[PDB]
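Participant: The following block contains the structure, expressed as structure tokens.
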Amino acid sequence: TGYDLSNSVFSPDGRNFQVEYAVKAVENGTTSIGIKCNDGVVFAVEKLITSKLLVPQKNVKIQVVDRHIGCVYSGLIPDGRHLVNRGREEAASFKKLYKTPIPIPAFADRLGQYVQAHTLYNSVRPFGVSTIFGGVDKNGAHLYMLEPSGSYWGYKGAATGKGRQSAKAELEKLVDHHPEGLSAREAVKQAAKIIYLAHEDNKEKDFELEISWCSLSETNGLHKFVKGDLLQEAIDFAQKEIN
Amino acid sequence: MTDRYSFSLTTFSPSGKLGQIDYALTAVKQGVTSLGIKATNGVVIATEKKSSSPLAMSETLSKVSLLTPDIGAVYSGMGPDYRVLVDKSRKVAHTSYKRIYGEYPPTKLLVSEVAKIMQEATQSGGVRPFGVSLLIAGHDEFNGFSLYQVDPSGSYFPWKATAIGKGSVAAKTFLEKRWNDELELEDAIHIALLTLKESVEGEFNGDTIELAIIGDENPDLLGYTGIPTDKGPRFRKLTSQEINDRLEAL
Amino acid sequence: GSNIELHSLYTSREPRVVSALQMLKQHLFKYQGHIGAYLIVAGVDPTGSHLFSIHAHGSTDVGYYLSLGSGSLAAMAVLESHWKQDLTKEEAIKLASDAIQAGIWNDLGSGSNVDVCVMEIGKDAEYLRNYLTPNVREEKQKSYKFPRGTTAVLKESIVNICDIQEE
Amino acid sequence: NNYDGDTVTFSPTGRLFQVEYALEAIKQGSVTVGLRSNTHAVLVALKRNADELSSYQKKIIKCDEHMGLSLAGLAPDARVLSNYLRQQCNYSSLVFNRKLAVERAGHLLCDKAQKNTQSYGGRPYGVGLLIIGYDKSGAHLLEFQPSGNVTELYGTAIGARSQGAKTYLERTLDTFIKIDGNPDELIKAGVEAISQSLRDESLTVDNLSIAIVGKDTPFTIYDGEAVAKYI
Amino acid sequence: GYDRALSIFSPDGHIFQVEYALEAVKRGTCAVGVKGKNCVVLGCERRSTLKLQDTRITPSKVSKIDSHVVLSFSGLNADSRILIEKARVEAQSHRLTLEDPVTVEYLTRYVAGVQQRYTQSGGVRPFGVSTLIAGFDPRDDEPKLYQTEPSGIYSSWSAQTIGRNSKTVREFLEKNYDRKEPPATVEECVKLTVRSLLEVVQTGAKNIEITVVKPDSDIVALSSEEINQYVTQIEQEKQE
Amino acid sequence: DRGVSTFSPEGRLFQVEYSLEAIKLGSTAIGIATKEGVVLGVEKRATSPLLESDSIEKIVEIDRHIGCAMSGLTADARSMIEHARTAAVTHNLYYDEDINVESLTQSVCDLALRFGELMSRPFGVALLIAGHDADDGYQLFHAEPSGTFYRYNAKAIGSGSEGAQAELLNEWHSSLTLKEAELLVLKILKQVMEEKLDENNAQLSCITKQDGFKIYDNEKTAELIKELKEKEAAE
Amino acid sequence: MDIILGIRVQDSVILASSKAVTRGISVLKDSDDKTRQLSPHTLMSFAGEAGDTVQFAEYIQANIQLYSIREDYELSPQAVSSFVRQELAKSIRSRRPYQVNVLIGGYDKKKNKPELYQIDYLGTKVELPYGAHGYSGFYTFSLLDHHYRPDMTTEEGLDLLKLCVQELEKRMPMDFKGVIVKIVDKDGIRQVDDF
Amino acid sequence: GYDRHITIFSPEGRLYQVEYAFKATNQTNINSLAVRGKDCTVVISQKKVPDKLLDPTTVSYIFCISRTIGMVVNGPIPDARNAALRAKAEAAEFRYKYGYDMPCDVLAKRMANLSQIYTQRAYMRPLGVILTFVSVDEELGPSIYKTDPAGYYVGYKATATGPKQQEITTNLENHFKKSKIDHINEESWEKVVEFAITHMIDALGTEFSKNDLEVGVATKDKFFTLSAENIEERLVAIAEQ
Amino acid sequence: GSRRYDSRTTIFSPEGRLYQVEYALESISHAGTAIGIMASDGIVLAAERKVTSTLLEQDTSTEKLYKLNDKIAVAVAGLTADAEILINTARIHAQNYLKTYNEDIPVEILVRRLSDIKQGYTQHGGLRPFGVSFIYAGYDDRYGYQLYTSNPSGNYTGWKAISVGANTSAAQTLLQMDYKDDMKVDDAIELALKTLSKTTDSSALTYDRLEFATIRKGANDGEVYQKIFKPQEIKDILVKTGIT
Ligand SMILES: [Cl-]
Ligand SMILES: [Mg+2]
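First to last, the protein sequences are chains A, B, C, D, E, F, G, H and I. Residue numbers are given in our numbering: position 235 of the first sequence equals residue 235, and the series is strictly consecutive. Residue numbers are given in our numbering: position 249 of the second sequence equals residue 492, and the series is strictly consecutive. Residue numbers are given in our numbering: position 82 of the third sequence equals residue 575, and the series is strictly consecutive. Residue numbers are given in our numbering: position 39 of the fourth sequence equals residue 699, and the series is strictly consecutive. Residue numbers are given in our numbering: position 50 of the fifth sequence equals residue 941, and the series is strictly consecutive. Residue numbers are given in our numbering: position 114 of the sixth sequence equals residue 1245, and the series is strictly consecutive. Residue numbers are given in our numbering: position 7 of the seventh sequence equals residue 1373, and the series is strictly consecutive. Residue numbers are given in our numbering: position 4 of the eighth sequence equals residue 1565, and the series is strictly consecutive. Residue numbers are given in our numbering: position 27 of the ninth sequence equals residue 1829, and the series is strictly consecutive.
This is the structure we're talking about:
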């Protein structure tokens, strides 16, 4: 034993226990989801209201990369911010050299390689976040989810955090009941519902809903936050479904 | 990041032993048998092509390697370590010698350079020793034919004949009885094949044995004509057919 | 040539002309023409037969016939007059040496003898040092061998070239 | 236990103990309170002395004309982080002729603290900060933790016995937020809030430290007889 | 580069590596320094376990740093060469920039500063050496004698000893050395230095080295016979 | 083993806390600030009678208006003093003025936590930095290896610190004269010292606006010791 | 032109160096000693660009004195001259070369022979019976070609040197304000106070 | 027992971190197979999409390194992509420096040397992957070269990698014992892919749908992967005889 | 991080010893014995090769005696590979001195330089020390014939006669017994071989198990010659002295 004391050490299983311990930090975090729709993607996240003293709508969790990519994550919030800062540098250098905005699969690997690099040495710690991200590019809509190991895949729907099992079950129903696809405005409504349903795992403290989206028709392929009437419409739809 | 292993991973123990070097020698002991014999007019080096799978093409894996036109090398121990050493050995023969003096280094000095590289892996920061022992056969104008052994420590010794790896203890005894100072090259090849048969279990033929010589100059292998002083490489790898011909007269 | 040999050993393949071409031009380009090397590179490899020229600034050119140096104009005049497609080995050697002769006779920077190298496919390359020798010095009218003792000397001494001796 | 030797090591439950131990240093530190209205933002800090001959350790640091913070924990670490903020506020002014946003100031602190939690050799910061400021979107109050977590709040408190002041502010939320165009009453609410965290000792003239920033009010610190008014 | 912190504090507030360096000094051969009214004498022990030695070429224990200052030591011999070299370089550097040779106090402060630096620098261990630095300042007739140690602290001494069994010879010097009236002559000073070593040395043959330093760059090392005469006179007076 | 910049479960840096233990083993140093000046006094503590005590330099000048006393691993203080002197002189070069005592102290304390795996460990010495400037007048600071500095009306550091600090608690008042402070340092030093206090094993110093920083002669201190003995015998 | 001369006789080396220091239109000093003692039996005179001359001489002096202390031994004049040459040969391909010419006069105690070395700023070393740097050689070399012997005494060497200085004072355009003369022999280095 | 944490020798002369990297290779529970035709080299690999929420098009362990070279990986995807990106960079650099396309065997050697360095240098860990490179080389013809965490590499007539590699290996061994040749004597690559799939079915004892497999094909001057519909056409032909 | 695996090669024990230096000396104590004897008219270097084989090519072999320059040579005891690193450094140092001062390097200066390099590995860098002990045999015009030894600690000392490697305790006692100051080279040759013959762990001392060298002024007039003995020449001197 002692194989779990240092990062980048293979155990006799062939496992990196330090990365597996980073996953525990992710599982401890709040719920966040992603939904791939007809011509874009929708992101949503659970924000726990620790106290009345928290200013509503101010502590924003979802982050934009470039102008067409959205990023949300569960786990250690600072680690997620560090990853997004890197993502922004990666996207900037891509656009600098190649002119076109970075494609989503291309962007996904840039994060993947960077996270994977933090499993190669004992002088660094793995990332304590699973990141759900995506957007619209020349080839259409893309949704991805990236783990502490550096592992990522494309997704129809994605979920992580403390209420991931509840969310995953809800996402699986949508995939089955909508083979032809889901619209952007529908996805926002469904996203709200799923976060509310996933909140049963964090039911002690009340929460604040935060949604964003990229859509070719609704947002011209740019990342925007869901605000005002459209946000309230999604909250009402979500509240109606739980009752 | 940064390589933060700037300290030695090989250190003296209370008994005065250098553990990592001893353990590297143990890895060499497990390795497949290889040998070298020196004749009056040449040198022979040989080893078994231990194929990991019958689907694998064992011709693509070269255990016996040309370092210079007149110097060859064979090993016992960890194959990957050997492969990188051959790369470095080839390069150092150019950078530290040929690009300075306009000619290939003599056997002993190339061996000295390889030995240096292996010593540094025994003392430098954040590295383990090489897990191989090399046998380097070669020829040069002023020293003639020569055969050297190089160990993980960086120590090297000249030999009339020797063996390393799996069945080296038995093979060295076999060579002591057969070796004399009047051997011709063909006689040394014959003795090499006899010695190597003892350590091999399965098939024993040109396809499972790798054998090369340092002998006469080969103008046919030079690739060009017109310069009298350039007479061709003394290193030659024996073909599968050439080995089988000598196995009939065995 | 050194790096090509090491490359050939690494790859277990015979070297290609385009590899030497690429390595040369990238080296020369890096030094911005300060390495004054103007080369004609030729050879045969598994891909076929090749002929290139290299300028000191790093530009390369492809051709069936090329000439470089101070006598390149004298040589190219011959090549442009006598070159044709589908030349034989014997016709090409003649054309090449004729082109060099044009330079030897007409260019002051060129002279003496003609060296040749033939690189044919599926064969060893033959280097023909002093293929032609049309400029041998005529016999001198007189011998200038001096009478021994003609030169005035002040001192003599043996020089010790040997190492330090035993005993 | 076995996973608290350095900051580069997760525990089996996904915890970073060196960060948690750094968080502990804040709890040992003296209490400090932060609160704001729509027009002004106030910092109130209980200063601590070594003994009767000693001075009372300063808790509040000015970062710019429109921004500053109060500290709780390792004071030298607060000096490093406040110096960084001073430079960042200054870079924004010199290059962009732009006063640094309080939210963006929080983001910069978060990212600086984070690098110290993921790399070998270094250590987390051992201090918690309460940043107040007035920018183009009005008054702001931030809470910085050396884990990297930064939070925008109406009011808060950090340090020893800070739970008492935090509960008071949670009750008074609706009242003190409405205190617009009245600095003295907003400070009164802050002084009354920090009083809920006191035991044995009371607020004296060289014990109390107050700072304020607002609409037409540069970041200024009040100490000595300047705070006798509020005792 | 190798950056590892080798010299560090322990729970009881000790730097063990610095303290273990003092144990290396305790193992080293005894060295003694005594200053008279117009001179300083440096005595040194030579362990007689090593015979068949070539005393012409063997590194002498007392080293000249400049023409007016000398340095002896106790502890690791290899370590002492590094300090001596640095000290010699600084002595010439001082002459070059200040146009005046170093004071004995300055040279001591430099050597002590080097020793200190090695107690809080990454990747290095402390020097296992304590030194006795003696001499006369330029254009000054007041004798100077300083001591340094691995930690980096230094101080001036009327008389001092370092090395193995230094506790015994310090005991001797504390009762025999009078501050109000120090050794007035060279003879008296050398005699007291030899006497102090004879408490520890064993045989008074080739085991005692003596070096006398006088004002105005007047440094001389005594021979075997010259020292043997002191050894003879001391014991003949003792037989009473 | 373990990191040099490691936090304990209580939220303290191991190495900093251990360096504080080394300072407790050091010789006593006392500082007293008054409206007529600041007095600094130290215990020399010679290890042997053959050691020439006047070479023991535990009180040190930083500038004409700033002095400094030390306690602990005194060898570590040399680089701190060198930095302080450079900072003081450099500021005068850049600004044509004396540097504030607090600003000088802050500059010294910035070195404190520059250790890791920069220097390999914290300083094992505490400093009493005393001085005067036009803005804040006569001041006394206590600079630790934690990087923290407190201002003090009076302060004792070293082996007899907590016993001396309790004595300074009672004796100090805001109307102390310089002469009264001098005797008070001598009184408390004599109380906590192992060996009997005299002019050779103890040293006094002061900083005034007029004369600047001055280390006292052994003849001058001897008279103050004699003056102390008589006034204690007076009641 | 900073006149520096050197003559090697039977049992000693004699160096003569001008006393004037002229900066522009004014003679700032008329008693300047353009030499440094490298070791008890080795003396180096120098001439070249302002500042560089002294900086170089003192740098060499420091290095030789360091060697003497380390080894408790005096380097031979030949060894010192080779060290000096290498420093100048290193210097000439530097960013800013030392613009200094030197003469090294020494007495080798091992061989019991005087030795004179002439080294220019490029690092060009030659051992000579007599030498000079700058324009002085244009007058003195031919004069010494006529009057020199290897078996001359020190007194004859000084008379021969007076003849050089008289010629320089007659035919050179600058007033170099006379010379400081120093003798290097078995007993060490001494200055001739009346010349 | 720190000789099991970093890449230094144990008393037995073993590198335990290298051995444990070999075990990580099978973590994905996927089996791959590679065979050579006359004009082509075919590589097939099992495809497993357990989650319904996954976009199955993005789930892949086959990589297009260069126009001519393809690579299948056995091991975790992060290490797989790490190796893929490096191989792509190396292949591109090679073409720029030496003026011709990097051969399959040379790339394999280069990646093997990089792997060797991780077994010797302490600060770098081995990658828990086995890399199988395939191409139709312009000199050597159809080529299969495989690299592992030890830094070992060799050419192959055919090969298999994964948990059930031995079953596939013996199945292939027995076929080449009958035919007595070093390749699949077949003109079209379509039939070579059919051979590969057929012999994997026989060895593993499992039937495959179009979404259960992943196929890569190397021909002269290009390497390409088959779509689900291209594989379906392949499965239909197998069933009809 | 990496700290976990650091052996800390450059630290003191509680007793004030350098662990790695002490263990390196333990390694050297198993190495073949090497002896140096200094006489009035020259120096002898004798050394024993370790358990050789009949198939070892002796005439082209060199594991013990190495040439640093024309005036100085060394006998090695310990790791040969480590020794060659230092030997090549020493060879360069001698040439640097010659280029600078145009004189051959004094023996002590060369010895001090190598000894300072060894010292460095014990004080800083975190690397293991060189497991090598040298016997330096050399000549210069200042001190004449000189014998020195250096060990992994970087400490060096001068000697009239000295041994390193295996059985030095026994070897030093025998040398101390029969050595005299007015001794000559031919007598020193005999002493060196007789000492090895008694201290050897082998059954008998033969030519194939020895390396031998002399530094003599026995060169034509005032100059010094180095003689590295050939196998046949070692065989002859063994018969002459009456050992075989
Ligand atoms: Cl490579
Ligand atoms: Mg010249």
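Just so it is clear, CB atoms sit at the ideal spot from N, CA and C, and this is done for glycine as well.
Take every Cβ of the stretch 283–298 of chain B, pair it with every Cβ of the stretch 430–446 of chain B, and state whether three or more of those distances are shorter than 8 Å.
Facilitator: yes
Participant: Are there 16 or more other CB atoms within 10 angstroms of the CB of residue 641 of chain C, so buried, or fewer, so exposed?
Facilitator: Residue mapping note: residue 641 of chain C aligns to position 148 of the third sequence, counting from 1. That one is exposed.
Participant: Can you name the residues that DSSP bridges to residue 500 of chain B?
Facilitator: Since the first residue of chain B shown is 244 and the last is 493, residue 500 of chain B is not available in this structure.
Participant: Between which two residues does the alpha helix (DSSP H) carrying residue 1217 of chain F extend?
Facilitator: For the purposes of this step, residue 1217 of chain F is identified with residue 86 of the sixth sequence, where counting begins at 1. 1208–1226 is the extent of the alpha helix (DSSP H) around residue 1217 of chain F.
Participant: What's the gap between the Cα of residue 1617 of chain H and the Cα of residue 1773 of chain H?
Facilitator: Looking up residue 1617 of chain H in the eighth sequence gives position 56. Looking up residue 1773 of chain H in the eighth sequence gives position 212. Rounded to whole angstroms, residue 1617 of chain H to residue 1773 of chain H spans 11 Å at the Cα level.
Participant: Using a beta-carbon distance cut-off of less than 8 Å, what residues from the stretch 463–489 of chain B approach chain C?
Facilitator: 465, 466, 467, 468, 469, 470
Participant: Using 8 Å for Cβ pairs, my map puts residue 1131 of chain E next to residue 1054 of chain E. What's the rounded Cβ distance?
Facilitator: If you number the fifth sequence from 1, residue 1131 of chain E lands on position 240. If you number the fifth sequence from 1, residue 1054 of chain E lands on position 163. Between residue 1131 of chain E and residue 1054 of chain E the beta-carbon gap is near 31 Å, outside 8 Å, which marks them as no contact.
Participant: Quick one: using the 10 Å Cβ neighbour count with 16 as the cut-off for buried, is residue 306 of chain B buried or exposed?
Facilitator: Reading the second sequence from its first residue, position 63 is the one you call residue 306 of chain B. By the neighbour-count rule (16 or more Cβ atoms within 10 Å), residue 306 of chain B is buried.
Participant: Looking at the secondary structure, which residues open and close the alpha helix (DSSP H) in which residue 422 of chain B lies?
Facilitator: The residue you call residue 422 of chain B lines up with position 179 of the second sequence. That residue, residue 422 of chain B, is in no alpha helix (DSSP H); it is neither H nor E in DSSP.
Participant: For residue 1607 of chain H, write down the residues that DSSP places opposite it in a beta bridge.
Facilitator: Taking the eighth sequence and counting its residues from 1, one reaches residue 1607 of chain H at position 46. Looking at the DSSP assignment, residue 1607 of chain H forms a beta bridge with H/1774.
Participant: On the three-state DSSP scale, how would you describe residue 843 of chain D?
Facilitator: Working through the fourth sequence from its first residue, we reach residue 843 of chain D at position 183. If DSSP states are grouped into helix, strand and coil, residue 843 of chain D belongs with the helices.
Participant: Please output, in chain order, the residues near ligand 2 using a CB cut-off of less than 7 Å to any non-hydrogen atom of the ligand.
Facilitator: G/1484, G/1485, G/1486, G/1490, G/1492
Participant: With a threshold of 6 Å on Cβ separation, who are the neighbours of residue 35 of chain A within its own chain once the five nearest residues in sequence on each side are excluded?
Facilitator: Translated into the one-based positions of the first sequence, residue 35 of chain A becomes position 35. If we look at residue 35 of chain A and ignore the five residues flanking it on each side, its Cβ neighbours are 42, 157, 187, 191.
Participant: Mind checking the stretch 329–342 of chain B against chain C and listing, in chain order, the residues whose C-beta falls within less than 8 Å of any C-beta there?
Facilitator: Listed in chain order, the positions of the stretch 329–342 of chain B with a beta carbon within less than 8 Å of a beta carbon of chain C are 330, 333, 334, 337, 341, 342.
Participant: Would you decide whether residue 930 of chain E is buried or exposed? Buried here means 16 or more other CB atoms lie within 10 Å of its CB.
Facilitator: Translated into the one-based positions of the fifth sequence, residue 930 of chain E becomes position 39. The residue is buried, with at least 16 neighbouring Cβ atoms inside 10 Å.
Participant: Starting from the beta carbon of residue 781 of chain D, find every residue of chain I whose beta carbon is closer than 8 Å, and list them in chain order.
Facilitator: Here residue 781 of chain D corresponds to residue number 121 of the fourth sequence, with the count starting at 1. Here the neighbours are 1803.
Participant: State yes or no: is the C-beta of residue 1467 of chain G nearer than 8 Å to some heavy atom of ligand 1?
Facilitator: Reading the seventh sequence from its first residue, position 101 is the one you call residue 1467 of chain G. No.
Participant: Consider the Cβ of residue 1652 of chain H: report whether some Cβ of chain A lies at a distance smaller than 9 Å.
Facilitator: Working through the eighth sequence from its first residue, we reach residue 1652 of chain H at position 91. With 9 Å as the cut-off, residue 1652 of chain H does not count as an interface residue toward chain A.
Participant: Run the proximity test for residue 1671 of chain H: is its beta-carbon closer than 8 Å to any non-hydrogen atom belonging to ligand 1?
Facilitator: If you number the eighth sequence from 1, residue 1671 of chain H lands on position 110. Result yes, Cβ under 8 Å from ligand 1.
Participant: Looking at chain K, is there any beta carbon in it that lies within less than 9 Å of the beta carbon of residue 1884 of chain I?
Facilitator: The structure shown contains no chain K; its protein chains are A, B, C, D, E, F, G, H and I.
Participant: Does any heavy atom of ligand 1 sit closer than 8 Å to the C-beta of residue 1438 of chain G?
Facilitator: Taking the first residue of the seventh sequence as 1, we reach residue 1438 of chain G at position 72. Because no heavy atom of ligand 1 lies under 8 Å away, the Cβ of residue 1438 of chain G does not count as near it: no.
Participant: Roughly how many whole angstroms lie between the Cα atoms of residue 144 of chain A and residue 160 of chain A?
Facilitator: In the first sequence, residue 144 of chain A corresponds to position 144, counting from 1. In the first sequence, residue 160 of chain A corresponds to position 160, counting from 1. Residue 144 of chain A and residue 160 of chain A: Cα-Cα distance of roughly 12 Å.
Participant: Please confirm whether residue 1598 of chain H and residue 1696 of chain H have their CB atoms less than 9 Å apart.
Facilitator: Reading the eighth sequence from its first residue, position 37 is the one you call residue 1598 of chain H. Reading the eighth sequence from its first residue, position 135 is the one you call residue 1696 of chain H. No, they are not a contact pair.
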